[PDB]
């Protein structure tokens, strides 16, 4: 009788507390890479535009403008995707954090119902002092780090199904050391006249919003939270269920358009977007007094301009990267710099203004 709560019950709840706390970081890491993509794509569509501003009349410029119309749809995709990412990061950080809070408060109640001699939280090996392992298992006050880096949760603690290690403990197996704790002992009568909870007429010790319940004398039970589709289906609607759905809505969020490792891949990838072919057709139609419906030779157009397996794009990049252009320096507009070495939107906006007036 007089049982502490077993280590095997509370420890997986501290381990899950530490993990849920990772949502803040994972959540910004997602939104931050669509922003980083927009930073790199912006720079690439301006190394393509400064060349096209220099030789407006050529066909390199025609192709570079098609590639730019595709890059501009890509950037509208990233920009409008960010509003979704913000909303999924915030909700998944609220549910996950109310869940890590409730879990921690519940085990704190147990840690403080000690008297220096015996403890309501048992150690492993039915040891009495579980209070001394609490912090090392992640039940610890929240102090978010300086660097919110993190993209990943350990999938053995949080996975796509639920929290795998939160297997149910039904009665008598959430029991830790005997002769330690008087919280789960049934009152000698109704609570109006007695001490403790009577575990009758619906009286229970519910700690941590369902995370440790005892509806019956001397048996602390943890719920099944390991698979909100499979075994744990009924807990799908609990705080812990909602919290898990949020972490999957979050993890299943799509990153918007992303650059390649080099510019020739970003350009090849752009060359395959239909926004590219559409711009070839519109600019051809415009330069020759035709309609855009006069150009329906799709693959023939694609091979002329981009090449089979985009074989023309490596070379087009090699042309753009070496071109010396003017305007980059703000004091002296006639100083020339190569496009490969021009790496800021301020510089690149100056070269484009330069030719716009030149």
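Positions refer to the first chain, counted from 1.
*Asks:* Looking only at CA atoms, which has the higher mean B factor in the entry: 95-103 or 271-279?
*Replies:* Mean C-alpha B-factor is greater for 271-279.
*Asks:* Per the entry, where is the mean C-alpha temperature factor higher: 319-327 or 45-53?
*Replies:* For C-alpha atoms only, the mean B-factor is higher in 319-327.
*Asks:* Compare the CA B factors listed in the entry for 117, 231, 266, 206 and report the winner.
*Replies:* Out of 117, 231, 266, 206, the record gives the largest C-alpha B-factor to 231.
*Asks:* Between 112, 87, 151, 180, which one tops the list for C-alpha B-factor in the PDB entry?
*Replies:* Highest C-alpha B-factor among the listed options: 151.
*Asks:* Would you check the entry's CA temperature factor for residue 16 and let me know if it's in the chain's lowest, middle or highest third?
*Replies:* It belongs to the lowest third of the chain when residues are ordered by C-alpha B-factor.
*Asks:* Would you please rank residue 7 by its C-alpha temperature factor against the other modelled residues of its chain and give the third it falls in: lowest, middle or highest?
*Replies:* For residue 7, the deposited C-alpha B-factor lands in the middle third.
*Asks:* State the tercile, meaning the lowest, middle or highest third, of residue 74 with respect to the CA B-factors recorded for its chain.
*Replies:* For residue 74, whose C-alpha B-factor we compare with every modelled residue in the chain, the answer is the lowest third.
*Asks:* Residue 67: which third of its chain by C-alpha temperature factor?
*Replies:* Residue 67: CA B-factor falls in the lowest third of its chain.
*Asks:* Compare the C-alpha B factor of residue 23 with those of the other modelled residues in its chain, then answer lowest, middle or highest third.
*Replies:* Tercile = lowest for this residue's CA B-factor.
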